[PDB]
Structures are given as C-alpha cells and as structure tokens.
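Please read the structure below before turning to the comments.
Numbers for residues simply follow the sequence, beginning at 1.
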Amino acid sequence: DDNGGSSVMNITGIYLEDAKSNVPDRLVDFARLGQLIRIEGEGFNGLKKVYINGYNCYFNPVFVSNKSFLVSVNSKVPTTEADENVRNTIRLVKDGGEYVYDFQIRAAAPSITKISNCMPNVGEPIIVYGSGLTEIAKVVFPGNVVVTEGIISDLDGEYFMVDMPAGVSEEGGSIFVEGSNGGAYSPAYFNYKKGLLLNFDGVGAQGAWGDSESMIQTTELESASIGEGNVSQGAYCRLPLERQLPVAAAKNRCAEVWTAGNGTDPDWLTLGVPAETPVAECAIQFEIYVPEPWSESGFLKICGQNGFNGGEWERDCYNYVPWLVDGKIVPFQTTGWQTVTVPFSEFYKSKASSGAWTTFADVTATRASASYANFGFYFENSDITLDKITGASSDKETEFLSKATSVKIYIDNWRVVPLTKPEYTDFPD
Ligand SMILES: [Cl-]
Ligand SMILES: [Zn+2]
C-alpha cells in the first residue's frame, strides 16, 4: 500500500522519470532542470509546497501518495546563482510541518564546442567555449595532466579560462572538464602535433618555386616573437608580404605560400585520422595572428592542391573571411595567436553535387590524384556576395565590394586534426 507509512516526512530516494529511457524509473543522485522526478519516502499525504533550491515548484496533488509523489524541476530553478543557504536542497511543506533534504540540482549537461588556441606554449592562456561550463573544478589535458588551480569560469557558463600546464602529451586529444553541471569533452584536436603539415621549424617543408610577385619565398618568413597571450612559435608566414603592398582593389592569388608537395610531403593517411572518418569529423587547423583590425575586403584561400587560379568558390579549397560573421561586417582582430578550424565538410568539394567528399579517404584520394599535391594558402582581395558563402539564392543581393588593402596576417602550424568528441552521458547503455 502506497498510502501507508508514518505522518513524519522522510525522503528515502529520488528517481528520474523518463519514458525514452532503458531504466524509465531510475534511482539518481542529482536531477537536472526540466526533469520529472519521483520522490520516494513517507508522510507525503497532505503535501502543500515543494521548494527546489528555494524555488516554489508546482506539483500535481492527485499524483501524491503517502510514500511517493511526482514533481518537475522547473526551468526557472536557480543553480549556480541560487542562495548558498538553499542551494542543493529540496524542502517539503505541509500543515503539520516541514522537511529539508540535501540533493544536487544541475542545469543541462555541459558542452565544449571550441578551444581558443589548440597549440599553445606552456603557461599561456587558453579560453574554452561552450555551454554550462559553470564552476569548473578540474581540467584534464591529453596525457592525464590534471589542473584544479587557476580555472576561471563564466558566471553564465559560456566559457572558462585556464593556463597551459607542462607535460601535455604530444599525441594530443580531447580536454576533459568537471564542473557543477557535470563532465564534458572537447573535440579530440588539442595539442595534435602528429597531424602537423608545416610549422616552418622542421615539421614538414616549405615549397618555393619561380619569381612571381605573389610567391612567398623561403627567405621571406618572419620569426620575431609577436602576439599577446598566445605568442608566435619559431618562424611563421606573413601574408601578404610588405613588398606586395598595397594589394589591388580587385585581384586574386595576391600572395601564396605552400608545402613542398609532390615528393616530400607525408602520406596524410599516417596523421592519425582513419580513412573512414566523415568530413564533418576531421579538419585543417592553423593558428592565425591579425594584430590590426581586418574588414571590408581580403580573404584567405586554403588550397588542398596547387590547381587554383584564385577567386574560386568551387573545388577542394576554402575561403576564410573572418570579418563576415552572420552576413555582417565585424572587424577581425586577435590579441595573440588563435586556432582556426576548417572541417573538411566546410570545403566546397564536400558541398558538391556529384563527386562530393564524404570521408577522409575521399580527401586522400583527391591529393593522390592531384597534379601538384602542394598544400598551401592564398591571400585574395576580390568582391564578395553573401550567397557564395551560404545559400545560393537568398543572400545573392548582399555585396561586400573589395577595396585596396595593406592588412597584415600571420599563419602557422598547418595540420590535419580529428574532430571526434568522446561520448559523456549521465547514464550510458
Ligand atoms: Cl607544448
Ligand atoms: Zn612556427
């Protein structure tokens, strides 16, 4: 009998009610906002109020039995912003008395969607973005490098800050965190030195040929320490070069830098990304430094192969226009070196109608069949229409006319990375 038991309130266990779960009535040690919980115990007959973290939560009195009742954890219940004296409590009120019970209340599980710099130096600042990243207590780096000190979390849990510790594995991988809302993994692309194509300091080789005005020679790199927070590492490429300025109001292939290509470049199948990996789960990464604001005109063309004339929006290439956020001009500037992730899915060849890219094997096939396997970049200063970036009809009218430019951009650590994010669920199958 559910209507039996004493008149003195008591909670013995809290269960999560989920119709879409393998354990639809599951005994739990925490509850999240929006969840329906079943509170089991005694003396619940005549229940009048339920407060969760001091917030009055509606409950249906007809679902109340003396040993069990159902209550939804209202979306407006405060968690990290709840008063310390009521935080993580369930209080029950009836005419004959009240009962307080210590129980952990969380918001949605945390998520890491982006790391500001995926190849920092020891002691440099890192910004990790996502959601629900409130009160981060632990950050773990590839190689089981544990950090519990110097973690500053956003009050709104959109980010946290932490310095790069010593001893992080050169194999790289995901970062892992523990905060008030639980655990989360980043994509597996942090400190991924095994995917390095070119760093201009001995990993890979710069390819240079001819005497063209656009050609960046091996003798035309920079090595002075530049950037605040994330500082340059060894030599890197400046593009466009000082000698190439000012770059013409409407021109393409204005500046170019490449890998050695045909002959010495590695087999990309040896960079730790399996052939079967989908194009949305692997990418090209590089660190960028834009000291002065960049807007109105100019863009970077990542060339998967040498066969590009300049000004394309079509094959195994990608046009990085960082001053166009949501079809809106927003000046682009970095305090220091920041990682740029370009999934192979974002490449125009992966968005093609026929021989479209589906996996990394399709990327390796293309580079093996390419006339010139030089991986590289183009600085480009030609006219833009928001459709060439997004939807081929709706944004066709919006134009961003190209102008003369003398913008300074620096790139480094070109690499292939995996974007696979390990699974983290409250209760796995
Ligand atoms: Cl390091
Ligand atoms: Zn370098």
Shortest non-hydrogen separation from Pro274 to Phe360 and the atoms involved: O-CB, 3.8 Å
Search all heavy atoms of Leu271 against all heavy atoms of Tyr192 and return the closest pair with its distance. O-OH, 2.7 Å
Any donor-acceptor pair under 3.5 Å linking the side-chain atoms of [Y] with those of [X]?
{"X": "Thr259", "Y": "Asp265", "result": "yes"}
{"X": "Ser402", "Y": "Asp383", "result": "yes"}
{"X": "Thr359", "Y": "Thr277", "result": "no"}

If we only count heavy atoms from C-beta on, is the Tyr58 to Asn74 side-chain gap below 4.5 Å? no
Basic-acidic side-chain contact under 4.0 Å: [X], [Y]:
{"X": "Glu213", "Y": "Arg243", "result": "yes"}
{"X": "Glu256", "Y": "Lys301", "result": "no"}
{"X": "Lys351", "Y": "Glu346", "result": "yes"}

Value for CD1 (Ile112) from OH (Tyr159), rounded to nearest 0.5 Å, stands at 15.0 Å
Which label fits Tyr185 and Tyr424: parallel for a plane angle under 30°, tilted from 30 to 60°, or perpendicular past 60°? perpendicular
Return the orientation label for the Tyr320 and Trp294 ring planes: parallel under 30°, perpendicular over 60°, tilted otherwise. perpendicular
Who passes side chain to side chain contact (heavy atoms under 4.5 Å, CB included) against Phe30, sequence neighbours left out? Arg32, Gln104, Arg106, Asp426, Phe427
